[PDB]
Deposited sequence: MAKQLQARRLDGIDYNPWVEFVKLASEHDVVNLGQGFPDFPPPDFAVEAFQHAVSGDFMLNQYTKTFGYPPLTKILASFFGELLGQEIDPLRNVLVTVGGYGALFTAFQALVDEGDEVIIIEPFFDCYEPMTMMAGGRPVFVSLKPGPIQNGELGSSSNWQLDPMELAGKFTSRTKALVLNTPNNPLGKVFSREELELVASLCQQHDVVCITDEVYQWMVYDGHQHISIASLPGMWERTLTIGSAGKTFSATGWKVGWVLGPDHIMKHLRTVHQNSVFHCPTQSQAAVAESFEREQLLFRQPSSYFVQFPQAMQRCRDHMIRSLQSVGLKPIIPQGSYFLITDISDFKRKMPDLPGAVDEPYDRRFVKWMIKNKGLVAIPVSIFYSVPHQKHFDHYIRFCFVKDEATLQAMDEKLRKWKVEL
C-alpha cells in the first residue's frame, strides 16, 4: 500500500459530521472550543506591533524559539514552577499545544511502549500515541454535580502502570470535563511516575481558566517531578487568540533534547511575528500580575459569570450540568433524555450522545460535542450520556442560546 502503516486507524474524524450538520442549520454554536469575541486589546495590539515593527521580524528567527519569547517563558514559568529554567535548554516554542503534544509523543513514544491516558481525554492523545507505535492504556475518572467529584481511583491507576509504561498524559484543567486536579491527585500521579520511572506529559493549556477559588497546580513543581515532566502551554488558550497557534513545552534538558531533535526535523522554525506578539502579551500580564486590571484576573471572573448563566439556562430544558472548576467547558448529563427518548436514529453502535447532538442541532438549534469522542471505543457505551458545551462566548451568543431554549420549552 502507498501510505505508511503509522496512519492505520487515525484518519477517523469525529468532528466533520457535526460541523457540517451545524453549518446546515440555524444554530447557536456552543460546540466550538474558542472564544467568539476578540482577544484583549493588548494582545491584538501586540500582533499589530510585530507586523509593523522591525522589518527583519518578517524573516526567520531561531529554531528553538524567538529569544525574547523563550526568555519571558523561562522567567515567568520558572517562578510559577519554582524552577530555574534555561531558555536554550528547557524551553521549546511549538505550533500550538497541538504541536507541543505531537513533538513530545514523537520524541518519546516508541513501538510497544504504553501511554496512560485519563478519560475523558482531549481526543488527540490516543491517535498520537498510536502513530508513534505506542499502546494507549486508559483509566477512567469516576463520576448539581461538580467536576471535582470525578475521582481518579488510586488502586485502578496504580494497576495501569507496567514495565512498558513510557508516559502518562495529564490534562489539567481537563477538557472536556473542566476538572482542576487537586494537590493530592497530583501527588498520587507523581508518586507512581517516580516509582515506575515514567514521564508525565502535562497539558496545562487552560492554566488561567480556573473558577470558584480553585488553584492551578503544576505537577512539575512537586518534589522530584521537574526531571520527569514536560509541561505544555498554549498562547491561544492563554490570550483568547486560538488562531495564533503558538505553544511551548518546558522541561529538563535530558528530555527536551529529544523534542528538539523532532522539532529540527519537522518544522525547524515557528513563525517570528506571532512569537513576538506572545512575548509582548506575557510582558503585559507579568507587569500587572495579580492586579485587578490584569487579564488573568479579569477574564476568568467574567467567564465564571458566563458559566453560571449557561448552567442555569441549560437546566431549564432538563439537561443536568456538572459544574466545572476550570477550562472553557462544561458537560451536561443527558441520561434523562436517554430514558424518555431512547430511540433516536443513528448508525450501528453509534453512541446515544452522538445521536442526541444531531437531534438537538436539527430540532433545537444548539450545538454541543458528544463526550463519547473523548473516550476509548470500548468505554463509549458506558460513557454515552454526556455532551460538552462551551460557555466562553459573547453575551449576544448567550442571549441567542436563551432564545433557542425558550423555543425548546414553549414550542414543545
Which regions of the deposited sequence are unaccounted for in the modelled residues, listed N- to C-terminal? 1 to 3, 147 to 153
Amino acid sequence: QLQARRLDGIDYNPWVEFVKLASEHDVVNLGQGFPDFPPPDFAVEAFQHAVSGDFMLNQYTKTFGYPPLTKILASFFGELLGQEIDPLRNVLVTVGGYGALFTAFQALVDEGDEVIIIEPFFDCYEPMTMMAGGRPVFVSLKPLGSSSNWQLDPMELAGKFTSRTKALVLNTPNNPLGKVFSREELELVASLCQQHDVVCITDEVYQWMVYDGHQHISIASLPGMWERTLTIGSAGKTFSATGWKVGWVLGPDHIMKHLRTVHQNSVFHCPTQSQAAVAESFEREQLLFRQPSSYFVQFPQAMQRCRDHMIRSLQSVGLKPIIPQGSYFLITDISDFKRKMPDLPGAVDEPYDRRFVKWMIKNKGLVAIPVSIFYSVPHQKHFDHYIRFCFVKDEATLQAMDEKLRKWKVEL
From here on, numbers count along this sequence of modelled residues.
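Superpose the two forms; the largest set of C-alphas matching within 1.5 Å is the rigid core.
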May I ask which stretch, 393 to 401 or 14 to 22, sits farther from the shown form in 5 other deposited structures of this protein once every structure is superposed on the core, judging by RMS CA distance? 14 to 22
Which of these two stretches, 23 to 31 or 44 to 52, has the larger RMS Cα offset in 5 other deposited structures of this protein when the rigid core is kept aligned? 23 to 31
